[PDB]
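> Quick one: structure below, then a few questions.
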Amino acid sequence: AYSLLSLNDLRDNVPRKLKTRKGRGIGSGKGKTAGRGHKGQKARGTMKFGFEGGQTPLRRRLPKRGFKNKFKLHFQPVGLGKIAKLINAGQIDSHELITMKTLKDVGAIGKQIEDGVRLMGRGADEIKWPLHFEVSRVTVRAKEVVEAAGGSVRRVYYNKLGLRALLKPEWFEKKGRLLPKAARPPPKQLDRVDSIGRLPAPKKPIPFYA
Amino acid sequence: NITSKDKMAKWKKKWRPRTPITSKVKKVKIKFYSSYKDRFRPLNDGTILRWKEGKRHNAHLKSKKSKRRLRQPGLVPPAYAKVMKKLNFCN
Amino acid sequence: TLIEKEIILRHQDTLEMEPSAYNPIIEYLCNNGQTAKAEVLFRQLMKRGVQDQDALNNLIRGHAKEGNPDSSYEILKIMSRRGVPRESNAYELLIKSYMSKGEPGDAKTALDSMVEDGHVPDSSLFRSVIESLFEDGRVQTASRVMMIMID
RNA sequence: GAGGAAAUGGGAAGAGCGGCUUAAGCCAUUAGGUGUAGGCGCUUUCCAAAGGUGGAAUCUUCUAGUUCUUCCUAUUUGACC
RNA sequence: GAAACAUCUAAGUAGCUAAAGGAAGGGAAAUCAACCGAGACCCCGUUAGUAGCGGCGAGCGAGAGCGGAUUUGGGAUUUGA
Ligand SMILES: [K+]
Ligand SMILES: [K+]
Ligand SMILES: [K+]
Ligand SMILES: [K+]
Ligand SMILES: [Mg+2]
Ligand SMILES: [Mg+2]
Ligand SMILES: [Mg+2]
Ligand SMILES: [Mg+2]
Ligand SMILES: [Mg+2]
Ligand SMILES: [Mg+2]
Ligand SMILES: [Mg+2]
Ligand SMILES: [Mg+2]
Ligand SMILES: [Mg+2]
Ligand SMILES: [Mg+2]
Ligand SMILES: [Mg+2]
Ligand SMILES: [Mg+2]
Ligand SMILES: [Mg+2]
Ligand SMILES: [Mg+2]
């Protein structure tokens, strides 16, 4: 058995638990009506799970509510604490612009971005530098904390195709398409943003009143 | 004459898309009851949010305290929430 | 009077402009004066038949020494997308043009593009860019330069 | 001669990785290797919808899971006969 | 099946009949998207048991996009005048 790997002594970590074959003799404990009792509907096996006996069920005595919005926007939340931790880890450059592509490449954003990034205020006591951001939405605490250190946050607009072209520019060149052009916001989305995004990923910020 | 019910029927027959005659999904997937959908909403706690009954009509039958009480959202009881947990409602 | 009359972009004309009709005049325009109409003529020549590397290299040096290195960088991007072979000495002038106008972050961007193209620079240029990044307060970009010079 | 098969859910025991894992397909089969589209998590909690969003700890900081295997049950199928 | 039943389901299934071919059918936008763009037709995977339909009950159940297989367009149709 000195490092021997033969087909005669392979076994697992625990012994294998075998099937409970119902309907065998007396000594197995599960024979003659298996585990079904005597007569009725549950011994003949014609019973549907969730039936309530003829009483009007809870799923029909309670009222419906609301409607479904088919144009609902989903933004991925990032806190300031994760961004500060990745700044201190030396993975995010603190002197260049922090776009959404930077967060997607470092991994603060998960696998599927949907409509953009919302900047959150969690871990706001770790921010010690003037950082420049370009996100989709930002909360009041996060904007206040950033501009109290001297940075700026710009709310910027991309659509779905523009987000694909910002994040995966090699996907267009494997397909033979030219890089598209950034689209203007619709009038219901005009007030929520500051400016149209640039479709190459920009690395120099744009000061507001300078 | 021309009421909202038959106006909606005429609109839905012409403009709403039609169900396919036959299915395309070869895989078998689990379906729960269709009356769960617009009535319940699962929370990340693990409990399921519901809204109380009695607010549709008959407000002259109820006390003031009950009218104030039925405005408050509640939770599904556990023995009934386990059924929808087992029938893939909470994903 | 040739370029304002759009003679190059005419389909029914048969005789095209010879390589020696633009090869010395792009050199003269870029080296001894303005680069803008030189690049306008050559961008019109791309739209018919020309992808000569010599006029592109001369446009790179002319745009670098004029005072607009953004145009040299975008012409290098044109070369990268068109598959024109890219030299090592072209990026040096772009890096030092960025250096002279006080944009070490743009210099580090051009350095990254040079390394991704596949040219290693010299330790004198490394020492120039690392000190210029450090004195501007951009410590982490200098550390990212240090990573590749260690590697 | 009568508790059995597939696919999708609820769990228990064991293991891989630390974000995890592929589906159709493709290249080879004395046999495996590849394939990121997708799914779950990180993730933000109220809310019909718009809208909105400070975890803990003070003292070298703690801060997430996912995919298989076996077994017990549920749904759709003739469903122990 | 809906724990009865009448709209619904089973199901355009079983069955009957007619015609054609080794395949048939479909096919190069009076098509989708959303102010950014894609580019005929059929088959496999995902979106997703989601949107939607429904005595809004039981149940029925997409499209677009994205990843694969095949990769193809031709004609009217161009005009020197
Ligand atoms: K399972
Ligand atoms: K585990
Ligand atoms: K019955
Ligand atoms: K009957
Ligand atoms: Mg017993
Ligand atoms: Mg017996
Ligand atoms: Mg039993
Ligand atoms: Mg019984
Ligand atoms: Mg008996
Ligand atoms: Mg009895
Ligand atoms: Mg049908
Ligand atoms: Mg019946
Ligand atoms: Mg039918
Ligand atoms: Mg038939
Ligand atoms: Mg025949
Ligand atoms: Mg044929
Ligand atoms: Mg157009
Ligand atoms: Mg396709």
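Convention: chains lettered A, B, ... in structure tokens order; per-chain residue numbering from 1; ligands numbered from 1 as shown.
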Write out as a PDB file with C-alpha atoms (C1' of nucleotides), in the first residue's frame each polymer residue whose atoms come within 12 Å of residue 46 in chain E, counting only C-alpha atoms (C1' of nucleotides); drop sequence neighbours fewer than 5 positions from it.

```pdb
ATOM      1  CA  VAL B  25     -39.468  24.111 -24.758  1.00  0.00           C
TER       2      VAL B  25
ATOM      3  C1'   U D  22     -20.787  25.750 -18.187  1.00  0.00           C
ATOM      4  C1'   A D  23     -25.191  24.640 -22.467  1.00  0.00           C
ATOM      5  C1'   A D  24     -25.464  23.815 -27.749  1.00  0.00           C
ATOM      6  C1'   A D  37     -23.554  32.655 -24.498  1.00  0.00           C
ATOM      7  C1'   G D  38     -25.932  31.847 -19.828  1.00  0.00           C
ATOM      8  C1'   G D  39     -26.995  30.828 -14.251  1.00  0.00           C
TER       9        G D  39
ATOM     10  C1'   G E  65     -31.276  39.971 -28.677  1.00  0.00           C
ATOM     11  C1'   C E  66     -27.018  36.656 -27.627  1.00  0.00           C
ATOM     12  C1'   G E  67     -23.971  31.635 -28.385  1.00  0.00           C
ATOM     13  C1'   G E  68     -23.660  27.565 -32.383  1.00  0.00           C
TER      14        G E  68
END
```
> DSSP on the backbone: what in chain B comes out strand (DSSP E or B), as a ChimeraX atom specification?
/B:41-42,48-50,74-75
> Restricted to N, CA, C and O atoms, what would the selected residues look like written as a compact mmCIF listing (two decimals), in the first residue's frame?

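In the end it all went to selection-v4.txt:
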```txt
# COMPACT_ATOMS: atom_id res chain seq x y z
N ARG B 41 -44.90 38.54 -2.71
CA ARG B 41 -43.56 39.01 -3.07
C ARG B 41 -42.55 38.54 -2.04
O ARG B 41 -42.62 38.94 -0.88
N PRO B 42 -41.60 37.69 -2.41
CA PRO B 42 -40.63 37.20 -1.43
C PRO B 42 -39.57 38.23 -1.10
O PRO B 42 -39.05 38.92 -1.97
N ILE B 48 -42.30 35.96 3.30
CA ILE B 48 -43.01 36.36 2.09
C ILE B 48 -44.03 37.43 2.46
O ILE B 48 -44.82 37.25 3.38
N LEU B 49 -43.99 38.55 1.73
CA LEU B 49 -44.82 39.70 2.02
C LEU B 49 -46.18 39.55 1.37
O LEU B 49 -46.28 39.14 0.21
N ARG B 50 -47.24 39.88 2.11
CA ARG B 50 -48.59 39.86 1.58
C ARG B 50 -49.32 41.11 2.05
O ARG B 50 -48.85 41.85 2.92
N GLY B 74 -48.55 42.58 5.73
CA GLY B 74 -48.23 41.50 6.64
C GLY B 74 -47.38 40.41 6.02
O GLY B 74 -46.88 40.57 4.91
N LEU B 75 -47.24 39.29 6.71
CA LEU B 75 -46.41 38.19 6.25
C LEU B 75 -47.24 36.92 6.12
O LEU B 75 -48.22 36.73 6.85
```
> Compile the residues of chain A that lie within 7 Å of chain D, evaluated using only C-alpha atoms (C1' of nucleotides), and express the compilation as a short mmCIF file (atom, residue, chain, number, x, y, z; two decimals) with N, CA and C atoms, in the first residue's frame.

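As written to disk, out37.cif reads:
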```
data_model
loop_
_atom_site.label_atom_id
_atom_site.label_comp_id
_atom_site.auth_asym_id
_atom_site.auth_seq_id
_atom_site.Cartn_x
_atom_site.Cartn_y
_atom_site.Cartn_z
N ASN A 13 -15.01 8.54 1.04
CA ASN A 13 -14.75 9.05 2.38
C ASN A 13 -15.69 8.43 3.41
N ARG A 16 -21.23 4.12 1.18
CA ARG A 16 -22.33 4.57 0.34
C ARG A 16 -23.67 4.21 0.96
N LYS A 17 -24.56 5.19 1.04
CA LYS A 17 -25.91 4.97 1.52
C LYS A 17 -26.78 4.49 0.37
N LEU A 18 -27.40 3.33 0.54
CA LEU A 18 -28.14 2.68 -0.54
C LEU A 18 -29.61 3.07 -0.50
N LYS A 19 -30.33 2.64 -1.53
CA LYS A 19 -31.73 2.99 -1.67
C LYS A 19 -32.59 2.26 -0.64
N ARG A 21 -35.50 0.31 -0.48
CA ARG A 21 -36.42 -0.45 -1.32
C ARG A 21 -37.63 -0.82 -0.49
N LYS A 22 -38.74 -0.13 -0.70
CA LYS A 22 -39.95 -0.42 0.04
C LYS A 22 -40.67 -1.62 -0.55
N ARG A 65 -52.23 43.25 -6.14
CA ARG A 65 -51.68 44.56 -5.82
C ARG A 65 -50.72 45.02 -6.90
N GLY A 66 -50.93 46.24 -7.39
CA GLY A 66 -49.93 46.92 -8.18
C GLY A 66 -49.89 46.49 -9.63
N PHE A 67 -48.86 46.98 -10.32
CA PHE A 67 -48.62 46.66 -11.71
C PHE A 67 -47.13 46.41 -11.90
N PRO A 77 -24.91 48.40 -7.40
CA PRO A 77 -24.40 49.28 -6.34
C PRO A 77 -22.96 49.01 -5.94
N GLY A 110 -19.98 43.05 -10.58
CA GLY A 110 -20.19 41.65 -10.89
C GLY A 110 -20.19 41.28 -12.37
N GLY A 121 -22.72 54.91 -0.30
CA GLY A 121 -21.97 55.61 0.73
C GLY A 121 -21.41 54.73 1.82
N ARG A 122 -21.35 53.42 1.59
CA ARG A 122 -20.85 52.50 2.61
C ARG A 122 -19.34 52.59 2.67
#
```
> Please give me, as a PyMOL selection string, the residues lying within 9 Å of ligand 12 when counting only C-alpha atoms (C1' of nucleotides) and all ligand atoms.
chain E and resi 1-5
> To one decimal place in Å, what is the distance between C1' of residue 39 in chain E and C1' of residue 77 in chain E?
22.2 Å
> Go through the chains and note each residue within 10 Å of ligand 6, using only C-alpha atoms (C1' of nucleotides) and all ligand atoms, then give the set as a PyMOL selection string.
chain A and resi 23-26+31-33
> If the limit is 10 Å from any atom of ligand 1, counting only C-alpha atoms (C1' of nucleotides) and all ligand atoms, which residues qualify? Return them as a count of residues only.
4
> Can you tell me which residues come within 12 Å of ligand 7 when counting only C-alpha atoms (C1' of nucleotides) and all ligand atoms, ideally as a list in words?
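Result of the 12 Å neighbour search around ligand 7: residues 20, 22, 29, 30, 31, 33, 34, 35, 36, 37, 38, 42, 43 and 45 of chain A; 3, 72 and 73 of chain D.
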